[PDB]
């Protein structure tokens, strides 16, 4: 559905497998990059951001090489900026990316790092960073916690890394596990509930432009 999109599985080359989700004008993908993969640099008109979830990655961008750490660093490739990658480990890299034709002014950094903060709506501790066209928030949803009803001005895409989370968007409800996402367009009512006995790690991306 629009709010709980079904991914399309793609194999991009012998090294890269993707689960591709459409979120109106944003594409969200979960990636699996093979052990020791070299990914040739490419460019495209879509701006791109992403993070490693498991493993490690090296970003090749603007004639420098930047390491990317799991659940910490976000790579940022503005429109038509040439970017490539190496997986420096003999383990697969599991990650995600978002791609979107952006209107915003250029990003000042090719790598951003999450830092400790507080989630506005819930007042729960989180780690976050804000970029030129996006904000990424990672946070633990405690066992039993109810994410209160909220209508955001900004589009939001989210997913979890472990456990099972109940998510309601506008007029539709699903239990989410890792491998699925939710998409909440601007102004839709969203709420959620961790009915499991474990703390759930949630990542959300707010799209700052329309």
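Numbering follows the first chain given and starts at 1.
A.B. asks: Averaging CA B factors per stretch from the PDB record, which one is higher: 110-118 or 89-97?
C.D. replies: Comparing averages over the C-alpha atoms only gives 110-118.
A.B. asks: Between 157-165 and 57-65, which has the larger average Cα B-factor in the PDB entry?
C.D. replies: Of 57-65 and 157-165, the stretch with the higher C-alpha B-factor average is 57-65.
A.B. asks: Which of these, 152, 35, 179, 50, has its C-alpha atom at the highest B-factor, as the entry lists it?
C.D. replies: Largest recorded C-alpha B-factor: 152.
A.B. asks: So where's residue 12 on the chain's Cα temperature factor ranking, which third?
C.D. replies: For residue 12, the deposited C-alpha B-factor lands in the highest third.
A.B. asks: Split into thirds by Cα B-factor across the chain's modelled residues, where does residue 208 land: lowest, middle or highest?
C.D. replies: According to the entry, residue 208 has a C-alpha B-factor in the chain's highest third.
A.B. asks: Comparing against every modelled residue in the chain, figure out the third that the C-alpha B-factor of residue 26 lands in (lowest, middle or highest).
C.D. replies: Middle third of the chain for residue 26's C-alpha B-factor.
A.B. asks: Going by the CA temperature factor in the PDB record, which third of the chain does residue 132 belong to: lowest, middle or highest?
C.D. replies: Highest third - that is where residue 132 ends up once the chain's C-alpha B-factors are sorted.
A.B. asks: Where does residue 138 sit by CA temperature factor within its chain: lowest, middle or highest third?
C.D. replies: As the PDB entry reports it, the C-alpha B-factor of residue 138 lands in the lowest third of its chain.
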